[PDB]
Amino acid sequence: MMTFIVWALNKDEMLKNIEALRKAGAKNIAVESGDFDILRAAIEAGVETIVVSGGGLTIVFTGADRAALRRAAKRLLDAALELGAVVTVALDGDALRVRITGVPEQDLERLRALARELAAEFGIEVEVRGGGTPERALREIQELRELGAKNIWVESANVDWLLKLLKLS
């Protein structure tokens, strides 16, 4: 037997995906996201196993020009990789989502500022739902439990973030 983990950067894809696995008859369905809104939606749809992809930033560039989105993303990717980050990128409609993990809080504030600079240059909107601090994770994990999460797993490429949350838990 196996647990099937749906990794989703958007709420609509995650619902569609868990619905497909439920129709297909998967016994053990989990949802993974750095977005606590998506993890809440999963639990409300009746998912009992949640993976918190914690730490770092989710930077979302929105605009009709996909060339401008990719250009901004490539620049951000370059800056993030130089600091030793793990970067996950997905182009979804008019939104380009960049997940950044494994850089210190001082470096994230730098990438926050850069994201604002790049947004102006290429004339696009940028929103940073980042945070991911171990303290915030500990708070939102309790909320997910109270919403009906039975199994909570936590994931990172950054062991220090796992060690900080281990310390707090």
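Don't overthink the numbering: it's just position in the shown sequence, from 1.
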Using only the Cα atoms and their B-factors as the entry lists them, report which of 65-73 and 96-104 averages higher.
65-73
Entry B factor averaged over C-alpha atoms, 129-137 against 23-31: higher for 129-137
Selection by C-alpha B-factor (highest) of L144, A120, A42, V52:
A120
Using only the C-alpha B-factors in the record, can you name which of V47, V60, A113, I38 has the highest?
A113
Taking the values exactly as deposited, rank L162 by C-alpha B-factor within its chain and report the matching third: lowest, middle or highest.
lowest
Splitting the chain's C-alpha B-factors into thirds, which one does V89 fall into?
lowest
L15 by Cα B-factor - lowest, middle or highest third of the modelled chain:
middle
What third of the chain, by the recorded C-alpha B-factor, contains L168?
middle
C-alpha B factor of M1, ranked within the chain: lowest, middle or highest third?
highest
